[PDB]
Each structure stands twice: as C-alpha cells, then as structure tokens.
Amino acid sequence: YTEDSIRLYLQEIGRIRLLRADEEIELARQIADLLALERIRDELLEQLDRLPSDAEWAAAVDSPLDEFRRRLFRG
DNA sequence: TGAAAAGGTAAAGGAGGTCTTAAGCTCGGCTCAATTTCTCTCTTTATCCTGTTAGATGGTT
C-alpha cells in the first residue's frame, strides 16, 4: 500500500508483457481492419447525418451483426 | 382781519449720463505651401496543423 503515484503506474505497466515482432504484425493487420471499418462507418455517418446503428453498419459490410460485432471487438 | 405756515413755480447751477472723434491695436480671412489621416492594395509574416521508419521498452533525489 504505497502512497507514490508514479511507482504505482510503473507497477501497473510492469503487469504487461512486451510484444514480439510477429505479435506486432498480427496486431497490425487487425488494427488496419478496424481502421477500414471505421472509415466505412464514417461514410455512413456522412450519409445518415447520424451515428449508424450496429445493424446499419453491419448491413453496410454485408456482414451478420454477430460476425461484424466480433470483428469490431477483436480490432 | 391779520397772520402764521404750508405749498407752489420759475430759475442757476451742478451732477450725471450719453454721445462724438484721433491713435492705436489685433484679429480674422484669404491664400497657399506644407504637410498628417485614410483607404485601397499587396505583401508578409504569425499561428496552427500533419508527418518522421535501423533499434530502442519501469525514476532521482
């Protein structure tokens, strides 16, 4: 039960293991997928002048709402 | 009826206000160089935004 705040942040950091290069490549692919999906949604926002619903966004990707949502989560 | 006793009138003179000029000034207008604002352009910075590919991976006092 330390009072220092920086040391607590450093401990919280140390509870996470460094990535490996293959892990970086794998995560980078999912990040790119998320970015493209976000760009599409942004297009729906311009078309709808409102936030698209997950169903409309899933419809914009021709994807089942479950599959789409899980892909979004992974990203 | 005579006689105070007050009340008038017509002057002279003064006191006071109101007019007239010779001397001088200074004051505004008029011109006319001689310039400070103003308002456009025409730039020229002042400020903000985005990106950067060797590898790096837990503090100092």
# chains A, B, ... in the order shown; residues from 1 in each chain; ligands from 1

$ closest_atom_pairs --of "chain B" --to "chain A" --cutoff "12 Å" --atoms "only C-alpha atoms (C1' of nucleotides)" --output "JSON lines"
{"residue": "B:57", "atom": "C1'", "partner": "A:18", "partner_atom": "CA", "distance": 7.6}
{"residue": "B:58", "atom": "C1'", "partner": "A:10", "partner_atom": "CA", "distance": 5.4}
{"residue": "B:59", "atom": "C1'", "partner": "A:7", "partner_atom": "CA", "distance": 8.5}

$ atom_distance --atom1 "atom CA of residue A:74" --atom2 "atom CA of residue A:26"
11.4 Å

$ residues_around --residues "stretch 43-56 of chain A" --least-positions-apart "5" --cutoff "12 Å" --atoms "only C-alpha atoms (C1' of nucleotides)" --output "JSON, numbers by chain"
{"A": [36, 37, 38, 61, 62, 63, 64, 65, 66, 67, 68, 69, 70, 72]}

$ write_last_selection --atoms "C-alpha atoms" --output "CSV table (one decimal), in the first residue's frame"
chain,number,residue,atom,x,y,z
A,36,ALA,CA,-11.0,0.5,-42.7
A,37,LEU,CA,-14.3,-0.5,-40.9
A,38,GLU,CA,-14.2,2.8,-39.0
A,61,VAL,CA,-20.5,-4.5,-44.6
A,62,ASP,CA,-22.9,-7.3,-45.8
A,63,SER,CA,-21.9,-9.0,-42.5
A,64,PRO,CA,-24.1,-10.8,-39.9
A,65,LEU,CA,-24.4,-8.5,-36.9
A,66,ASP,CA,-22.7,-11.1,-34.7
A,67,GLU,CA,-19.7,-11.6,-37.0
A,68,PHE,CA,-19.3,-7.8,-37.6
A,69,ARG,CA,-19.5,-7.0,-33.9
A,70,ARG,CA,-16.9,-9.7,-33.0
A,72,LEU,CA,-15.0,-4.9,-34.3

$ atom_distance --atom1 "atom CA of residue A:20" --atom2 "atom CA of residue A:33"
20.1 Å

$ select_by_dssp --residues "chain A" --states "alpha helix (DSSP H)" --output "number ranges by chain"
A: 5-14, 21-48, 54-60, 65-74
